[PDB]
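Everything on this sheet refers to the single structure shown next.
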Amino acid sequence: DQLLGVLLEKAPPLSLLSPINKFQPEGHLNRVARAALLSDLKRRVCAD
Amino acid sequence: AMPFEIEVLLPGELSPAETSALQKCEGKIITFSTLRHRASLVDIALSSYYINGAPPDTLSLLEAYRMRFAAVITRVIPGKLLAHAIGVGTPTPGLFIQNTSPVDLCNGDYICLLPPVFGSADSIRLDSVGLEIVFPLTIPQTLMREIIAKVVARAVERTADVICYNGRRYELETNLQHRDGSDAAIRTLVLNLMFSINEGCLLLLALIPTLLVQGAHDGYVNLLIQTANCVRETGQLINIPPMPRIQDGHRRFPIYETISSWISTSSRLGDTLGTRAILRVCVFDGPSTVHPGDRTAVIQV
Amino acid sequence: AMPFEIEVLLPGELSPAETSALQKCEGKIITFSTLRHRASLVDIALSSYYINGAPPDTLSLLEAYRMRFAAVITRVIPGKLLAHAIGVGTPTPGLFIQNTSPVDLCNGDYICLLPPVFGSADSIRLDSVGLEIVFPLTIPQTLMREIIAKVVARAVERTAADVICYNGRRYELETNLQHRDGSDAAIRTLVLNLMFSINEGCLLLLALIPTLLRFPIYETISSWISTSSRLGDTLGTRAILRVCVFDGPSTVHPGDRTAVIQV
Amino acid sequence: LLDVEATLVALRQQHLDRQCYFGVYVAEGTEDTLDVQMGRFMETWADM
Amino acid sequence: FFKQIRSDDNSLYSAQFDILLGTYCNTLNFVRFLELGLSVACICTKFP
Amino acid sequence: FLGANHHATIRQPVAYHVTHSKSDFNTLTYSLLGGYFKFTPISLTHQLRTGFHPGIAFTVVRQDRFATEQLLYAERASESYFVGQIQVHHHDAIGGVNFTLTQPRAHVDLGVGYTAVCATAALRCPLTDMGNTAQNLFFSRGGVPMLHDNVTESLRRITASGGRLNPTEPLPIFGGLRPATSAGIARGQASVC
Amino acid sequence: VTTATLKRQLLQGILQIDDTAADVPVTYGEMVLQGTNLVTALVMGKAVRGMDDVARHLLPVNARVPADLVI
Amino acid sequence: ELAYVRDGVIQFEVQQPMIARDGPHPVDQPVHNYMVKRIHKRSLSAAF
Amino acid sequence: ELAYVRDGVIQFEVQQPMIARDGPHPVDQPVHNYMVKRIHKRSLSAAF
Amino acid sequence: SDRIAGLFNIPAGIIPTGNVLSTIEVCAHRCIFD
Amino acid sequence: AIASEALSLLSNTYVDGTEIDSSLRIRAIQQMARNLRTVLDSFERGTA
Amino acid sequence: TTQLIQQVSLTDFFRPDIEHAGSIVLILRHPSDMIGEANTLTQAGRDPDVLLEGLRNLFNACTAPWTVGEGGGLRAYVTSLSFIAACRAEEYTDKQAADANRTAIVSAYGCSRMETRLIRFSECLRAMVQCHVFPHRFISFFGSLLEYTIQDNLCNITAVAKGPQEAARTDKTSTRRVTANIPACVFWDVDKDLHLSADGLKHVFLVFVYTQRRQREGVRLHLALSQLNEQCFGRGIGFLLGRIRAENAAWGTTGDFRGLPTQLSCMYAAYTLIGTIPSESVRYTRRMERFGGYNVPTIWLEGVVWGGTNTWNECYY
């Protein structure tokens, strides 16, 4: 029970973690590309 | 040393399916007039409360409940009922009571005992000996002191019924016969009152206007001047002039004496009009909310 | 018969400057809303005493210290912090205490809690975690009336726009400054309830019989008797400890420490 | 809705500028109304 | 200077340590260019 | 000396509106009519209770709660679990003795990136009706009150007769202004707007 | 990890059950803390897990149980 | 003996490969990342 | 390897004798005087 | 601040206990440790 | 005197498998023994 | 199962070589507090400098007068109950026993200037009740004397503060236990007055009595022993002291409430709960006993479990 309880409060949602890995290169993104990433996250959240 | 346990001998002439009726009544409070280790059943009946041959009433029950020794049933076996005293000074490491009232008991509250007031008494009808066991109500210290306020306000109108708590509505009823006790209640009231108005009270009256203009400045204070009030009215009715100064000025101070005299009255007021606290619920693991009927652990106060 | 010991997981990431005060705060009294073996550090902190989304006054504490369970800091290790519950009857052996009040406690006197009504609370700043802690004062039960009355009657005199003594020592109450700021705010709710609760008495009494020397009487009387009893015990509280020494200092000066027994 | 005390307090702390005082002032006098009108007002208007 | 006033006071029984539970290291993957499938497009030849 | 702009009962906007109405000499007469209704905590209690639009718009915002069926996936050896040793203590309780068993433990995650991942997949029942239940600001003991307390009490009564979320009728001297719990709940936890 | 209904919905056509029974260990690890990591745990406030091996570097049973394995 | 640990720690030590490139640019250098994290403490309880 | 020592300490611990007395003054208990001394560093030199 | 530093010399070269087999850019996730 | 957190160790409890508790118990034993030796000598001293 | 307490004090108001074990000892607050307390508590039209004179002339001839003010350290802490009884032996109704007590305690102490100290203490108490600074607020119950050791002008008392009486092992002459005993002049059974006369549990109270009539002050204390609880005990004594309550209610004192009686003028008695007797019925023996060379009657109780929470319950009503 407690192991599963710990495992829950540790995992971020899939619908956000999935694209970040696909936008990994030079993973200190510049001022701009971060905006494109966020504007597509606000859709990849509602969409699924 | 050891908990001062008390035993009350039930008679052998008891109904078989009445002992199992008394067994469920574990964790409830009975009282005594004389505190002996060996006592008998009639001494905890309803007849034992009789003022003189007549069935007692509320304003007579609130003088018995603070002139009797409270005690808690601990373990009952067929032919022997064992209980422990409370306000005596003996340790009671193992103690548990039942939620006698139809209200909820938050954790950490203080518990004061109350007479049957909600039209629903759960007594037991003992047929062989012809008795009746009055089980009081374990009401928290706040709901009590409000119930007592309402009931005494009604009793003064017998000498010419709705409360809110947690959002529920409980309506009370009583029997205000035997006027003399209700009378003595009034002398108690006026004896609390007269000592409250110290000589320096005119200096507090000197502020009634300034409390109203300040009353229009905050959202809390304009409610402290709620419409039903003598302060706001007299601020509209009776303004106060100046006064002669303090005699023996360079040493005394009247306001300190005022409120110091008032606080003792504040301590003893609900004490003598209701009853002193006897218990305080303190669980260590169980749930805070103690639903009606459920039993819980308590420590002396 | 086992002491009700309590463990508080003192988290890391605390600057040693704060632990240097936590070690020194070995003997102050902390309170829990409910009594648990394994407690938190957020349960003790002032962030629990909030009432209307804001820090409380010196009146709200006067119900807090009645609806919470006090405990004493028994010993501190660099990892966690321990305590023993005091309200219930447990055989806790050590159970010492330290004086947090500008009053010398005599021997064999009983003590009651009292919020920081005068002077700012000697807090402890755990800002590296984001909370602070303040502790109650320990004044002998013989002075509770005197203190809580003199300060309030001083506030009333300062509203319309003095020293307490004990065992060969006079402690000034004004503390030599115009404290009509802040102190004029942390208490006003108490006197506000006070004056409006006493004024109705001098008027209701005259309403009944004025020759002693539809605005219902039967309902303003309840609001008078209910109120004056509601505060009637939040102020007139009872003792929880007693100082009993066996070959120690005769008295205890403010800041010192000594051992007690439970009432 | 009608509580603007503290808001106005914190608002009268900005970098207020030397704005004109035409529509936010009032006065009075004692003459003939035509005289008052065309005199001390209309001739100082074009400079106020 | 830390004299024990009466006798055998507290804080002499702490035994509160902290332990290094273990380390972790990683090793890289030495790739050779000719092993890749991209080497087909070019004819590498040394020329000292 | 004959009234300024920012203090007058009628500021420039009304005259602007009467200058460029493009209206039909008939509804222009009526257009100004509504424009003279007050805007005060007692005006709207007259305009709204009788179907008048006092030239102002609101944006409702209600937050609800939906029960989900989560889905969890974790990686091998993503957590190191250290198990302490059991210890037993006891204390007398109802009737007799009562025992208790405690055991300390600890954990730390061995990844470098993110090892576990969560995905809320299914949909259970909605726990709260998406209904109309307005919020009554009168619960608060907030800022400055009016100057005639009868007007404040009148506002409270009028508003409380405009819905069902409201404090009890006799306001206490001190407390929390709890609302009266109804005797029956039907569709789910009421969401306040 | 999931719920019963999602489990059943995934075991119809989306996931092909590969193995219905697998092997897993039967015994925990241990941490002893004796010897050199005990002298240093008391004179100072430190101790190393593999303390007895790092000083040389410088200078079990499993059983079969029913499960639901998938690809 | 978990009851006596003030805090258990661990260590990660990862390296990253580089890529040789032409000019002009700051030449890439090998990097070394060192990591340390703490443990949390939990417990259980049962009673009869 | 004296060049590597940041600081080296040596410690003492003495237990004073105590006498039994009589009187309405408090009793005496055996003290424990702890202490810690630190090493001073120096150097020499000679040249030819 | 940062009591966690200074206990043991951070690049403590005792012996590895396990391989990491991740090799991901880590500077992006500075937020979950020392 | 004997202080708590030491008296609790000196009390005739059960053996805990850990060695930390045994070492601490021996420490407390030795401390109490030295104190007792001092106090016993104290009488033969103070009689003079 | 018991609880002891210790205190080092002067031996001027108390000699443990003279009271026997089981006698109640009382504790005093610092006299310096009375100054400020009377400074703001005295009634208008009355000067508290008479209280100043009382205390000052008292402490001028009791012991080493210096360490008058603050920081005295070594103070006159404890007093015997028999002492405070015999300096007011002119108000106890059973005259002969109280008079024997007085002459015995005047002869058993130092022998020199105690007549002086007694009249000083009596005058001091009179003055304090006259300036509306009551003695009950300054004198508390310490314990029952168990064992002592004295020196030149200084003592060291150890007394029982909680628990059963006869569970305290002492190294006296006869046998290692001891029982409580009080002078027979202060004993006042409450139940007898109301004639309840029932066996069972009985509390023990420590009750003061105030008679403030102009320049005719009066202060005396008893040790009550009744069946009543702490709630209705006040009603009971207020009842059998009817004349005194009026004796203070009458002689105590547009328009103002100034000139109407207050709590301070209408007070007559204050009491505290100090113990319990949880036996089958109370037995106690009045046997005449010797204080060294004189014989005085005492009350020998049995099985008293000392209580606590020293809160004073007042009676002006």
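Starting from 1 in every chain, residues are counted up; chains themselves are A, B, ... following the order of the structure tokens, and ligands are numbered from 1 as listed.
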Give me the residues near range 2-18 of chain A as JSON, numbers by chain, where near means some atom within 12 Å (using only C-alpha atoms) and where sequence neighbours in that chain fewer than 6 positions away do not count.
{"A": [24, 37, 38, 39, 40, 41, 42, 43, 44, 45, 46, 47, 48], "F": [70, 71, 72, 73, 74, 75, 77, 78, 79, 80, 81, 82, 83, 105, 106, 107, 108, 109, 111, 113, 114, 115, 116, 117, 118, 119, 120, 121], "G": [1, 2], "H": [40, 41, 42, 43, 44, 45], "J": [32]}
Result of fitting chain I to chain H over every paired C-alpha, as a short mmCIF file (atom, residue, chain, number, x, y, z; two decimals) with N, CA, C and O atoms, in the first residue's frame:
```cif
data_model
loop_
_atom_site.label_atom_id
_atom_site.label_comp_id
_atom_site.auth_asym_id
_atom_site.auth_seq_id
_atom_site.Cartn_x
_atom_site.Cartn_y
_atom_site.Cartn_z
N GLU I 1 18.89 -0.56 12.12
CA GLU I 1 19.15 0.64 12.90
C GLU I 1 18.78 1.88 12.10
O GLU I 1 19.50 2.87 12.09
N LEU I 2 17.64 1.82 11.43
CA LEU I 2 17.16 2.99 10.71
C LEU I 2 16.78 4.12 11.66
O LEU I 2 16.72 5.28 11.24
N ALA I 3 16.53 3.81 12.93
CA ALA I 3 16.13 4.83 13.87
C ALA I 3 17.28 5.75 14.26
O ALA I 3 17.03 6.78 14.90
N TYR I 4 18.51 5.42 13.91
CA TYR I 4 19.65 6.22 14.30
C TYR I 4 20.19 7.10 13.19
O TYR I 4 20.92 8.05 13.47
N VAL I 5 19.85 6.81 11.94
CA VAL I 5 20.39 7.55 10.81
C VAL I 5 19.85 8.97 10.86
O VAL I 5 18.64 9.18 10.77
N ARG I 6 20.74 9.95 11.02
CA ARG I 6 20.31 11.34 10.89
C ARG I 6 19.91 11.64 9.46
O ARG I 6 18.79 12.08 9.19
N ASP I 7 20.82 11.41 8.52
CA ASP I 7 20.46 11.43 7.11
C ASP I 7 21.48 10.62 6.33
O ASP I 7 22.67 10.62 6.64
N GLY I 8 20.99 9.91 5.32
CA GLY I 8 21.82 9.08 4.48
C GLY I 8 21.71 9.52 3.03
O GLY I 8 20.60 9.76 2.54
N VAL I 9 22.84 9.62 2.36
CA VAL I 9 22.88 10.14 1.01
C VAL I 9 23.44 9.09 0.08
O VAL I 9 24.23 8.23 0.48
N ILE I 10 23.00 9.14 -1.17
CA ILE I 10 23.62 8.39 -2.25
C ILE I 10 23.91 9.36 -3.38
O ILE I 10 23.19 10.34 -3.57
N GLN I 11 24.98 9.09 -4.11
CA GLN I 11 25.50 10.02 -5.09
C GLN I 11 25.64 9.35 -6.45
O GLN I 11 25.75 8.13 -6.55
N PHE I 12 25.63 10.17 -7.49
CA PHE I 12 25.86 9.71 -8.85
C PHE I 12 26.99 10.52 -9.48
O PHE I 12 27.45 11.51 -8.92
N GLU I 13 27.43 10.06 -10.65
CA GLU I 13 28.44 10.78 -11.42
C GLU I 13 28.39 10.26 -12.84
O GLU I 13 28.75 9.10 -13.08
N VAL I 14 27.96 11.09 -13.78
CA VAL I 14 27.84 10.70 -15.18
C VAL I 14 28.75 11.57 -16.02
O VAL I 14 28.98 12.75 -15.69
N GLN I 15 29.31 11.00 -17.08
CA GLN I 15 30.16 11.71 -18.02
C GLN I 15 29.49 11.71 -19.39
O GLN I 15 29.34 10.66 -20.02
N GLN I 16 29.11 12.89 -19.85
CA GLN I 16 28.40 12.99 -21.10
C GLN I 16 29.35 12.76 -22.28
O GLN I 16 30.51 13.18 -22.22
N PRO I 17 28.89 12.11 -23.33
CA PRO I 17 29.68 12.07 -24.56
C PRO I 17 29.70 13.44 -25.21
O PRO I 17 28.77 14.24 -25.04
N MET I 18 30.75 13.71 -25.96
CA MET I 18 30.85 14.96 -26.69
C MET I 18 31.32 14.69 -28.10
O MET I 18 32.03 13.72 -28.36
N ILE I 19 30.89 15.54 -29.03
CA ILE I 19 31.17 15.36 -30.44
C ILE I 19 32.23 16.37 -30.86
O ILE I 19 32.31 17.48 -30.32
N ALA I 20 33.05 15.97 -31.82
CA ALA I 20 33.98 16.89 -32.44
C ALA I 20 33.24 17.75 -33.45
O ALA I 20 32.49 17.23 -34.28
N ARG I 21 33.45 19.05 -33.40
CA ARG I 21 32.84 19.95 -34.34
C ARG I 21 33.90 20.69 -35.13
O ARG I 21 35.10 20.43 -35.02
N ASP I 22 33.44 21.64 -35.94
CA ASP I 22 34.29 22.54 -36.69
C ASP I 22 33.61 23.90 -36.69
O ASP I 22 32.39 23.97 -36.83
N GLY I 23 34.39 24.96 -36.54
CA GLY I 23 33.84 26.28 -36.64
C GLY I 23 34.58 27.31 -35.81
O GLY I 23 35.38 26.99 -34.92
N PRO I 24 34.32 28.58 -36.09
CA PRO I 24 34.97 29.66 -35.34
C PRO I 24 34.30 29.92 -34.00
O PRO I 24 34.56 30.94 -33.35
N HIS I 25 33.44 29.01 -33.58
CA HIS I 25 32.91 28.98 -32.22
C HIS I 25 33.81 28.15 -31.33
O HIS I 25 34.54 27.28 -31.81
N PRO I 26 33.79 28.39 -30.02
CA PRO I 26 34.74 27.70 -29.14
C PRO I 26 34.57 26.19 -29.15
O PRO I 26 33.55 25.65 -29.58
N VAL I 27 35.60 25.51 -28.66
CA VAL I 27 35.63 24.06 -28.63
C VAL I 27 34.80 23.59 -27.45
O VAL I 27 34.49 24.37 -26.55
N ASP I 28 34.42 22.31 -27.46
CA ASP I 28 33.67 21.71 -26.36
C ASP I 28 34.56 20.74 -25.60
O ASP I 28 35.45 20.11 -26.17
N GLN I 29 34.31 20.62 -24.30
CA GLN I 29 35.09 19.78 -23.42
C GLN I 29 34.16 18.86 -22.65
O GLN I 29 32.98 19.18 -22.46
N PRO I 30 34.66 17.72 -22.19
CA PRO I 30 33.77 16.74 -21.55
C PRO I 30 33.41 17.17 -20.13
O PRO I 30 34.29 17.44 -19.31
N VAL I 31 32.11 17.21 -19.85
CA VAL I 31 31.60 17.63 -18.56
C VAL I 31 31.56 16.44 -17.61
O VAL I 31 31.72 15.29 -18.04
N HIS I 32 31.35 16.70 -16.32
CA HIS I 32 31.18 15.65 -15.32
C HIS I 32 30.04 16.06 -14.40
O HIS I 32 30.20 16.96 -13.57
N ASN I 33 28.90 15.40 -14.52
CA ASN I 33 27.72 15.77 -13.75
C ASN I 33 27.71 14.98 -12.45
O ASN I 33 27.44 13.78 -12.45
N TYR I 34 27.99 15.66 -11.34
CA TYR I 34 27.88 15.09 -10.01
C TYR I 34 26.51 15.41 -9.43
O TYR I 34 25.84 16.35 -9.86
N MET I 35 26.09 14.62 -8.45
CA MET I 35 24.82 14.88 -7.79
C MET I 35 24.75 14.04 -6.52
O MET I 35 25.51 13.10 -6.34
N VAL I 36 23.82 14.41 -5.65
CA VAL I 36 23.64 13.79 -4.35
C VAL I 36 22.16 13.75 -4.02
O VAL I 36 21.49 14.79 -4.03
N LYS I 37 21.64 12.57 -3.73
CA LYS I 37 20.25 12.40 -3.34
C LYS I 37 20.18 12.01 -1.87
O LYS I 37 21.06 11.34 -1.34
N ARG I 38 19.10 12.43 -1.21
CA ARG I 38 18.91 12.19 0.21
C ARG I 38 17.70 11.28 0.42
O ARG I 38 16.75 11.31 -0.36
N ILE I 39 17.76 10.49 1.48
CA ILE I 39 16.72 9.51 1.75
C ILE I 39 15.58 10.15 2.51
O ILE I 39 15.79 10.91 3.46
N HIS I 40 14.36 9.86 2.10
CA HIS I 40 13.19 10.26 2.85
C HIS I 40 12.79 9.13 3.79
O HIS I 40 12.88 7.96 3.44
N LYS I 41 12.38 9.50 5.00
CA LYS I 41 11.97 8.53 6.00
C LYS I 41 10.46 8.52 6.13
O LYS I 41 9.80 9.55 5.99
N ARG I 42 9.92 7.34 6.40
CA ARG I 42 8.49 7.17 6.62
C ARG I 42 8.32 6.15 7.73
O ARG I 42 9.28 5.78 8.41
N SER I 43 7.08 5.70 7.93
CA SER I 43 6.80 4.68 8.94
C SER I 43 5.45 4.05 8.62
O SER I 43 4.73 4.50 7.73
N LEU I 44 5.13 3.00 9.36
CA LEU I 44 3.84 2.32 9.26
C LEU I 44 3.23 2.22 10.65
O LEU I 44 3.76 2.78 11.62
N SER I 45 2.11 1.51 10.74
CA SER I 45 1.50 1.25 12.04
C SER I 45 0.35 0.27 11.87
O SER I 45 -0.29 0.23 10.82
N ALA I 46 0.12 -0.52 12.91
CA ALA I 46 -1.00 -1.43 12.98
C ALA I 46 -1.22 -1.78 14.45
O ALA I 46 -0.27 -1.80 15.23
N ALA I 47 -2.47 -2.04 14.81
CA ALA I 47 -2.80 -2.20 16.21
C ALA I 47 -3.88 -3.25 16.39
O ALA I 47 -4.78 -3.37 15.56
N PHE I 48 -3.77 -4.01 17.48
CA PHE I 48 -4.79 -4.97 17.84
C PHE I 48 -4.87 -5.01 19.36
O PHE I 48 -3.87 -4.79 20.05
#
```
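With only C-alpha atoms taken into account, the protein and nucleic acid residues at most 12 Å from residue 236 in chain B (excluding it and anything under 2 positions from it in its own chain) are residues 208, 209, 210, 211, 212, 213, 227, 229, 230, 231, 232, 233, 234, 238, 239 and 240 of chain B.
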Margin query: I'd like the neighbourhood of range 74-81 of chain L as a PyMOL selection string, where a residue qualifies if any of its atoms comes within 10 Å (using only C-alpha atoms), though same-chain residues fewer than 5 positions away should be ignored.
Written below: (chain C and resi 250) or (chain L and resi 7-16+19+23-31+62-63+67-68+86+139-142+144-145+154-155+157+182-183+186+221-223)
Provide as a list in words the residues of chain B at most 8 Å from chain L, counting only C-alpha atoms.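 Every residue meeting the condition is included here: residues 1, 34, 35, 36, 37, 66, 67, 88, 89, 191, 195, 197, 198, 199, 200, 201, 202, 247, 248, 251, 252, 253, 257 and 261 of chain B.
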Preceding selection exported with N, CA, C and O atoms as a short mmCIF file (atom, residue, chain, number, x, y, z; two decimals), in the first residue's frame:
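Result file again_37.cif:
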```cif
data_model
loop_
_atom_site.label_atom_id
_atom_site.label_comp_id
_atom_site.auth_asym_id
_atom_site.auth_seq_id
_atom_site.Cartn_x
_atom_site.Cartn_y
_atom_site.Cartn_z
N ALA B 1 -3.56 5.78 44.56
CA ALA B 1 -3.35 4.35 44.73
C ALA B 1 -4.12 3.55 43.69
O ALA B 1 -3.69 3.41 42.55
N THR B 34 -24.16 10.01 49.19
CA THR B 34 -23.09 9.56 50.06
C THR B 34 -22.24 8.56 49.29
O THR B 34 -22.78 7.68 48.61
N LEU B 35 -20.93 8.70 49.38
CA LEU B 35 -20.00 7.93 48.56
C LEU B 35 -19.46 6.77 49.39
O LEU B 35 -18.54 6.93 50.19
N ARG B 36 -20.04 5.59 49.19
CA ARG B 36 -19.63 4.39 49.90
C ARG B 36 -19.25 3.30 48.91
O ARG B 36 -19.76 3.25 47.79
N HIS B 37 -18.32 2.44 49.33
CA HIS B 37 -17.87 1.36 48.46
C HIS B 37 -18.95 0.30 48.28
O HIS B 37 -18.95 -0.43 47.28
N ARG B 66 -25.09 19.31 40.53
CA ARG B 66 -23.89 19.93 41.08
C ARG B 66 -23.88 19.86 42.60
O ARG B 66 -23.13 20.60 43.25
N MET B 67 -24.69 18.98 43.18
CA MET B 67 -24.60 18.64 44.60
C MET B 67 -24.58 17.13 44.80
O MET B 67 -24.98 16.64 45.87
N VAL B 88 -13.03 13.00 42.81
CA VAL B 88 -12.61 12.65 44.15
C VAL B 88 -11.09 12.75 44.34
O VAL B 88 -10.64 13.04 45.45
N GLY B 89 -10.31 12.55 43.29
CA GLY B 89 -8.88 12.54 43.41
C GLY B 89 -8.23 11.19 43.29
O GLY B 89 -7.04 11.07 43.59
N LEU B 191 -27.49 38.57 42.24
CA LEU B 191 -26.26 38.59 43.00
C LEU B 191 -25.04 38.55 42.09
O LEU B 191 -24.00 39.12 42.44
N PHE B 195 -22.71 42.79 41.78
CA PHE B 195 -21.28 42.93 41.98
C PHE B 195 -20.54 43.30 40.70
O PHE B 195 -19.38 43.70 40.77
N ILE B 197 -21.29 45.74 38.41
CA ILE B 197 -21.23 47.17 38.15
C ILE B 197 -20.40 47.84 39.23
O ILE B 197 -20.93 48.29 40.25
N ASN B 198 -19.09 47.90 39.01
CA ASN B 198 -18.22 48.54 39.97
C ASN B 198 -18.47 50.05 39.96
O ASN B 198 -19.13 50.59 39.07
N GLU B 199 -17.93 50.71 40.99
CA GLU B 199 -18.11 52.16 41.11
C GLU B 199 -17.62 52.90 39.88
O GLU B 199 -18.20 53.91 39.49
N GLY B 200 -16.57 52.40 39.24
CA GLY B 200 -16.04 53.05 38.06
C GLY B 200 -16.78 52.77 36.78
O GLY B 200 -16.30 53.16 35.71
N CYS B 201 -17.93 52.10 36.84
CA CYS B 201 -18.66 51.76 35.62
C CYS B 201 -19.09 53.00 34.84
O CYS B 201 -19.30 52.90 33.63
N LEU B 202 -19.23 54.14 35.50
CA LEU B 202 -19.57 55.37 34.79
C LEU B 202 -18.49 55.74 33.78
O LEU B 202 -18.78 56.38 32.77
N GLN B 247 -11.64 60.61 43.92
CA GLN B 247 -11.16 60.90 45.25
C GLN B 247 -10.01 59.95 45.59
O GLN B 247 -10.02 58.78 45.21
N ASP B 248 -9.01 60.48 46.29
CA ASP B 248 -7.74 59.78 46.54
C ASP B 248 -7.10 59.35 45.21
O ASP B 248 -6.95 58.17 44.90
N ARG B 251 -3.07 57.41 43.86
CA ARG B 251 -2.69 56.02 44.08
C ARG B 251 -3.60 54.99 43.43
O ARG B 251 -3.12 53.90 43.10
N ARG B 252 -4.88 55.27 43.20
CA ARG B 252 -5.83 54.25 42.81
C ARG B 252 -6.10 54.28 41.31
O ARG B 252 -5.61 55.14 40.58
N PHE B 253 -6.89 53.31 40.85
CA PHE B 253 -7.30 53.20 39.45
C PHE B 253 -8.58 52.39 39.35
O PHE B 253 -8.59 51.19 39.67
N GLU B 257 -9.94 47.78 38.95
CA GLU B 257 -10.84 47.21 39.94
C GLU B 257 -12.14 46.75 39.30
O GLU B 257 -12.66 45.68 39.64
N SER B 261 -13.11 42.82 39.33
CA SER B 261 -14.31 42.34 39.99
C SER B 261 -15.23 41.64 39.01
O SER B 261 -15.96 40.72 39.39
#
```
(Q) Set the distance at 12 Å and use only C-alpha atoms: which residues neighbour range 287-295 of chain L once local chain neighbours fewer than 3 positions away are removed? I'd like the list as a list in words. (A)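 In the requested form, the answer reads residues 15, 16, 17, 18, 19, 20, 82, 97, 98, 99, 100, 101, 102, 103, 104, 105, 106, 107, 108, 109, 181, 182, 183, 184, 284, 298, 299, 300 and 301 of chain L.
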Closest-contact table, chain G side, partner range 7-15 of chain J, 8 Å, counting only C-alpha atoms, as JSON lines:
```
{"residue": "G:54", "atom": "CA", "partner": "J:14", "partner_atom": "CA", "distance": 5.5}
{"residue": "G:57", "atom": "CA", "partner": "J:14", "partner_atom": "CA", "distance": 7.4}
{"residue": "G:58", "atom": "CA", "partner": "J:14", "partner_atom": "CA", "distance": 7.5}
```
Please save C-alpha atoms of the selected residues as a PDB file, in the first residue's frame.
```pdb
ATOM      1  CA  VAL G  54      36.680   0.225  -0.057  1.00  0.00           C
ATOM      2  CA  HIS G  57      39.963  -1.461  -3.267  1.00  0.00           C
ATOM      3  CA  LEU G  58      42.240   1.416  -2.346  1.00  0.00           C
TER       4      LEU G  58
END
```
Contacts of residue 46 in chain B at 8 Å (only C-alpha atoms; same-chain gap of 5+ positions) as a JSON list (two decimals) with C-alpha atoms, in the first residue's frame:
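The result, stored in selection39.json:
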```
[["chain", "number", "residue", "atom", "x", "y", "z"],
["B", 131, "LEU", "CA", -37.45, 2.14, 39.88],
["B", 132, "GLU", "CA", -36.26, 4.33, 37.01],
["B", 133, "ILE", "CA", -32.64, 5.12, 36.14],
["B", 134, "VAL", "CA", -32.13, 8.69, 34.91]]
```
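Our summary of the geometry notes that CA of residue 101 in chain C is positioned 6.4 Å from CA of residue 139 in chain C.
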- [ ] Find the residues around residue 72 in chain C up to 9 Å (only C-alpha atoms counted), leave out those fewer than 3 positions away in its own chain, and share them as a ChimeraX atom specification.
- [x] /C:26-31,82-86,95-97
DSSP on the backbone: what in chain E comes out helix (DSSP H, G or I), as a PyMOL selection string? chain E and resi 37-41
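Distance-wise, CA of residue 5 in chain L and CA of residue 88 in chain C end up 22.3 Å apart.
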